[PDB]
Each structure stands twice: as structure tokens, then as C-alpha cells.
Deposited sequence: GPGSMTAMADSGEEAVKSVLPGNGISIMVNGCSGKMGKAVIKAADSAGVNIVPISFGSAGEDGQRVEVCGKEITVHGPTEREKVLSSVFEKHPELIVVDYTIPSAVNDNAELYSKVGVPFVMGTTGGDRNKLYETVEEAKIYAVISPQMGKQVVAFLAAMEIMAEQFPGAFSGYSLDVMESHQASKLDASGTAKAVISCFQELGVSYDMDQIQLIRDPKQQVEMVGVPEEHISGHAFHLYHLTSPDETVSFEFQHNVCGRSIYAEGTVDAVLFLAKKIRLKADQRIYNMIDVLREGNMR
């Protein structure tokens, strides 16, 4: 019995390398994928939007849209989902973020919105944010050195809250090096991603997460990746 069993997604972003990875991952999970898309699959022109989508959501009431698109399209693509009344999971970056949440909360529609869908990265982030809030000053006097490439903005925000001083594509690489005042203690965290699979699997995870909240007819309609993580592994 697959866990995606009984769930359908529409993947608006079918051509992007991200969209593909999502398709691959959803297919593994047993999530069925409807063969229509927007701006094997039949892609659709950017007119007649409501009617194509309303009639899919009518034919597939278990449908959840996945949106991985363009910052200019966010506020537009969200105004569409809310008028049709279909839940969605959106990891796209950009747009009037305040207007985008406004749109969805007036619609009382169900959604997961997180510009970052690598759920393992989020967890490490959240730990280092809990640590910074629970144990203020614990690393007072330590220095931080960073190497990166082409997210780490919160990480430095935490280490400052912890008392430290400091000055989607293929690969990503992050290295953070904590040194003690007398330089006799070093901590080092290092992070390598090759591909977008980690983001796919987290998108699928939000999907499965969000199907459950719909089914349970939950009162909160809008969720983030931390919400997803707290539910536990649904796989």
C-alpha cells in the first residue's frame, strides 16, 4: 500500500528541472499525476485558466496542485487556486508575499507555502534556532568562518544570537566553522546537495501532509515546512 495511494497532484512547472524531480518523487510515493499543466502531460495555454482547472478539480476532488514557477506568477497563480478552491503546495520564491497570504486566507483554502522544501535543511535550521533562543550567549566569544558557493542568512543570525562575531540550481555547498576564543575548540558543519531530489521528496512530503489535514477537516488552513516536520514521517 503506497502512501501516495489515493492522492493526485497537478504539477504546474512540468518542464522545469525541479518539476521533473517532483514528478519522479511523487511517482515513487504512489501519487497519481494528472496529465494537464500550465504556462505524459499536455501543457495548456495561459487563457481559459479557471475552466480547465475547475473541471479538473471537479473530476478529481482529491487533487492537490504543486506550484514551482516564476515570482511574477505567484500572486497570479495563487488568486487562481483560491477562486477554484483547490489546495496547493507552493515552493516558488518571490511575489508580494503579504498579498499572497492575504489572497489565501480570504479564500479559507488549504495550502502549504514554504520557499524552502528540503525538509532536512529546515530541521537543522530549526534546531539551531531553538538552541539560539533557549541558550542565549552559549557561544559568546566564538568566531565564525563561512564558505559557500553560487539560507545561511538565518544561520549567522542565530550564531549572533548565540554570541558569535562575523564579517535552485544543481550543486550547493555550505561549510560553517566555529572556533573558540583560545582557538583550542572547533566545531564544523558541512552541507552538500547534488540534484533537486531533496526538494522533490519534501514537496511530496508536504503533499501527503496536506492531504491528511484536508481529510481530518482541520481548522488551520495554511501550513509551513515546520508544520510538516512536526507531524512526523508519513512515508
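**Q** Show which contiguous pieces of the deposited sequence have no C-alpha coordinates, counting from residue 1.
**A** Sequence ranges with no C-alpha atoms are 1-18, 58-71, 183-191, 209-231.
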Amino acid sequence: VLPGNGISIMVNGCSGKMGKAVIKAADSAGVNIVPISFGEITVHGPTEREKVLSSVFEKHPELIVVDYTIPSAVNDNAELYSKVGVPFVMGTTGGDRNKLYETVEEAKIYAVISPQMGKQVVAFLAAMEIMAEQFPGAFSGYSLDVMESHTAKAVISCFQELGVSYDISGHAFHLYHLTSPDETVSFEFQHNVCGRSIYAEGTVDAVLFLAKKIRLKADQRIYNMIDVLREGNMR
From here on, numbers count along this sequence of modelled residues.
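**Q** Identify the stretch, either 110-118 or 92-100, whose C-alpha atoms have the larger mean B-factor according to the entry.
**A** Averaging CA B-factors over each stretch, the winner is 92-100.
**Q** As stated in the PDB record, which stretch has the larger average Cα B-factor, 70-78 or 133-141?
**A** It is 70-78.
**Q** Just to confirm, going by the entry's C-alpha B-factors, which of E50, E188, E201, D182 comes out highest?
**A** In the PDB entry, the greatest C-alpha B-factor among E50, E188, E201, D182 is found at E50.
**Q** Say you rank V31, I36, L63, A172 by Cα B-factor from the PDB entry; which sits at the top?
**A** Highest CA B-factor of the listed options: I36.
**Q** Select lowest, middle or highest to describe the third in which the CA B-factor of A154 falls within its chain in this entry.
**A** For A154, whose C-alpha B-factor we compare with every modelled residue in the chain, the answer is the highest third.
**Q** Where does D205 sit by CA temperature factor within its chain: lowest, middle or highest third?
**A** Bottom third by C-alpha B-factor.
**Q** Taking only the Cα B-factors deposited for this chain, tell me whether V164 sits in the lowest, middle or highest third.
**A** Answer is middle: the recorded C-alpha B-factor places it there.
**Q** Using only modelled residues of the chain, where does the Cα B factor of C14 rank: lowest third, middle third or highest third?
**A** It falls in the top third of the chain.
**Q** Lowest, middle or highest third: where is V193 by C-alpha B factor in its chain?
**A** According to the entry, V193 has a C-alpha B-factor in the chain's lowest third.
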